[PDB]
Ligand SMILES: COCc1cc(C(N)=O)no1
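Before any questions on binding or motion, here is one chain by itself as C-alpha cells, the form deposited without this ligand.
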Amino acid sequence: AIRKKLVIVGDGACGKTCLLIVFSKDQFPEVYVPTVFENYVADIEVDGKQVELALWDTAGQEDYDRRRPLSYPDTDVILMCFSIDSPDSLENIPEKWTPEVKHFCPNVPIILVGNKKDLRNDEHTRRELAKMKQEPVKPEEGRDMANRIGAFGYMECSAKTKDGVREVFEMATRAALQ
C-alpha cells in the first residue's frame, strides 16, 4: 500500500476528533479525548490503489506540549475543518487556519470540511444563531471559502449521523495521491 499522512485542523469543538473516531472505529465516542492519542491508520482503496492513510489529530492552543508545529512535518493532505453551526469557525479558516497551514505545509492539498451538517436543520442551533443575527453556514459559503483558500474540495459531513464521512476521507486520499 502507498503510505500517506493526513492532518486535521480547525477551531476547538468543531468536530475533528469525532470525525476521525467515527471514520476509524465506525462508532461515535462516549468518552472525551481532546486529541486522538492512539495510532489510527486507515486502509483506503481509491481508483484501484491501496493507500494506508495515517490520521493525525491536533491539539488546541492551550495544549502547548502537543502544539501543532510538532505534527505538521511530512503531511500529505490537510483536512481543514469548521462546524456548520459556527459561522465564527468558518471566519477562522482564512484568518487563522489557512495562514498557519500555509506557513508549515505550503504545498500540501487542503480539503475544506464543514462538520456537524446535522445541526443545519437543528432548532436549538437555529435559535441560538438567530439571537446573534447569524444562521447556520450554507453550502455556497463553504464552496466560496474553498475557492478563496485554494482548497482541492469542499465537503460536508456529520460524524453524529455518519453522513458524508467516508467521502471526506476518499477525497483527501485522492488529493494526497496527486
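Numbers follow the displayed sequence, beginning with 1.
What follows is about the form solved in complex with this ligand, which we do not show.
Trainee: Even though the partner isn't displayed, in the bound PDB entry is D88 close enough to this ligand, meaning a heavy atom within 4.5 Å?
Mentor: Flag for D88 set to no.
Trainee: Might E123 be said to contact this ligand in the bound PDB entry, defining contact as any heavy atom within 4.5 Å?
Mentor: Judged by the heavy-atom cut-off of 4.5 Å, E123 is well away from this ligand in the bound PDB entry.
Trainee: Classify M132 as contacting or not contacting this ligand in the bound PDB entry by the rule of any non-hydrogen atom within 4.5 angstroms, answering yes or no.
Mentor: The answer is no: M132 has no heavy atom within 4.5 Å of this ligand.
Trainee: Using a 4.5 Å cut-off on heavy atoms, what residues in 1 to 37 are near this ligand in the bound PDB entry?
Mentor: The stretch 1 to 37, when checked against this ligand in the bound PDB entry, contributes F23, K25, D26, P29, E30, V31, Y32 at the 4.5 Å heavy-atom cut-off.
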